[PDB]
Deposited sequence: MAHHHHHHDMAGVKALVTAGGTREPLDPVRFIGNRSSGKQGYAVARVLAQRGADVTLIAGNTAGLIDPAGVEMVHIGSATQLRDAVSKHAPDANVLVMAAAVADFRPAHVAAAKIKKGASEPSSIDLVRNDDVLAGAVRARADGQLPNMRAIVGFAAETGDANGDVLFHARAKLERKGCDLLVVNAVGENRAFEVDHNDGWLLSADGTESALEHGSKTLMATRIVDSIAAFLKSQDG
């Protein structure tokens, strides 16, 4: 039915672009499709959805969703801050750049590129809510792409990321391999590889169950 009726949901999706000059940037390969899918399913289930979108694979605005377009990780941060005070659910599906060029050239570059860190927006929301600044925020959802490497298997890294971020739910993609839904209470649920819509339904199901538990 419409379980999300009355819920205000803030979703980020797509990759950010960190400018080097007016023409060039550091970007990433995120398509935004999974984040758009979650926004679409939330709206379909009655939520009042605001979608902050960075760079996407040409995607169409989902119907009934309020669109906010950003470029950089800092612009995404400011857009999340602007829209956070009344949101009940934050879904951080955007591939947010960890670093940005330290200097942006005023004109086209005809030179090593120095980098500085961007703010961790997801962690900022978790801390703000813990510090009493987001009383309406009932669920904070992070996304992660994890792989096994010489320092640990994929699930080890995913669990560590849940613990460090402190969010309520971590949607993990193992990079047709299945992913995971990791909850802050320790629940771990396999996320089967299906269409983006079916996976979005499973993600939103988990959000709805978490909201009912609280």
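Taken in order along the deposited sequence, the stretches absent from the coordinates are 1-6, 117-122, 188-196, 236-237.
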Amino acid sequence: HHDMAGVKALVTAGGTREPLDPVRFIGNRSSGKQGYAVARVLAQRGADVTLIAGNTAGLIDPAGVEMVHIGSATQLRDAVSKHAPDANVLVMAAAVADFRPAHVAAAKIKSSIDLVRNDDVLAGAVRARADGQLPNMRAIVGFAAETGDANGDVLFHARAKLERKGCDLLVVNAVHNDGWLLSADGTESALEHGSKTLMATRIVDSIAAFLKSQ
From here on, numbers count along this sequence of modelled residues.
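Only the largest set of C-alpha atoms that superpose within 1.5 Å between the two forms is called the rigid core.
Superposing the other copies on the rigid core and comparing 158-166 to 56-64, farther C-alpha placement in 7 other deposited structures of this protein marks 56-64. For the cut-off of one third of the other compared entries, residue 176 qualifies: that many or more give it no coordinates while modelling its flanks. For residue 32, the record comparison shows coordinates present in all the other entries of this protein that model its neighbours, with no third of them leaving it out.
Taking only CA atoms, the mean B-factor in the PDB entry is higher for 51-59 than for the other of 155-163 and 51-59. Higher mean CA temperature factor, per the PDB entry, when comparing 31-39 with 176-184: 176-184.
Highest CA B-factor among the listed residues (81, 112, 74, 88): 112. Among all modelled residues in its chain, residue 11 ranks in the lowest third by Cα B-factor. Annotation for residue 108: C-alpha temperature factor in the highest third relative to the rest of the modelled chain, per the entry. Ranked against the other modelled residues of its chain, the C-alpha B-factor of residue 102 as given in the entry falls in the highest third. Sort the chain's modelled residues by C-alpha temperature factor and residue 142 lands in the lowest third, per the entry. In the PDB entry, residue 17 places in the lowest third of its chain by CA B-factor.
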